[PDB]
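First comes one chain, alone, set out as structure tokens in the form deposited in one PDB entry.
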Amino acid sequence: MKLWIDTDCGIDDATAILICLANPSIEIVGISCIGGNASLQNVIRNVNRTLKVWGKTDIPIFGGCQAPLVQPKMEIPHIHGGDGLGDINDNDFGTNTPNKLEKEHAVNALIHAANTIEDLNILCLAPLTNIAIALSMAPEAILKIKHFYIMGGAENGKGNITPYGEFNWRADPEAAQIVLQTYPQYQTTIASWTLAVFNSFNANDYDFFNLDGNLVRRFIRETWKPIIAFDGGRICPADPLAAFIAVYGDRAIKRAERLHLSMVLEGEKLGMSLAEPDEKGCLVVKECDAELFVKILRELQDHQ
């Protein structure tokens, strides 16, 4: 399985990537970066942090766009920390080493990969700016991609950054609409914020993000600590669940519903995902196998 990752690497993105890194059936062919949770510069460094701590700084990292498509920067709390990665200390991980960053823009580099790589998959964990620009430029190339796995939206209209809108799709609703109207929704699987709260864990009862012993455990514990707090003591593994579904396929999904999705692009409900039952729409995952989810997360943290 050939996988591309577009990310605004904050805390839960980083774990998503660890999930992809750990499974040997997954070849990460590139990582593209975009400014969501934090600035593009911070994202790029945080992807570097994650690869280093895992010990595979082999994957090319590409910088993408610098702002949403047309939408402004708005006003956020630093939910993922000032650095976008929980404000961790690099000395606690040995990652005060130079950062890698390819030359090509991520849009150009994505288009090239969708042309020159067969059965390519993309896992989107971020506002969809990079992807939407690639579909605007070379839709024929991007359409060669085999499947889209996207963390975004909330099909029950219950958002997080907004009462109505999930963060990725409120941050660049135009970009989301572009994807939902240019890449076949039938070949699109969605892990929504509705899913991430439904499959959430009380962090007092589950300890799988709360270990020391090795660097992977330390990284996961320290990065996840402020957002677990922000989410009210719950673990809401939005991006990891999307990585989970990407890597493990039908085994990852307990229940899904084919849903045609479309974006609200004005009014107080800007960024809300409208849902309509349609057998050629998106596979909107409704329930994951939570035990297989915690299993693979523990296994990637295993000493062995």
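Residue numbers here begin at 1 and follow the sequence given. The term rigid core refers to the most C-alpha atoms you can superpose between the two forms while keeping them within 1.5 Å.
Quick note: we don't show the form deposited in another entry, though the next part is all about it.
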{"item": "Of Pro98, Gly82, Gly94, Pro77, the one whose Cα moves 2 Å or more between this form and the one not shown after core superposition", "value": "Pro77"}
{"item": "Large Cα shift (2 Å or above) at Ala109 between this form and the one not shown, core-fitted", "value": "no"}
{"item": "Core fit, then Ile178 C-alpha moves 2 Å or more between this form and the one not shown", "value": "no"}
{"item": "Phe230 C-alpha shift between this form and the one not shown of 2 Å or more, rigid core reference", "value": "yes"}
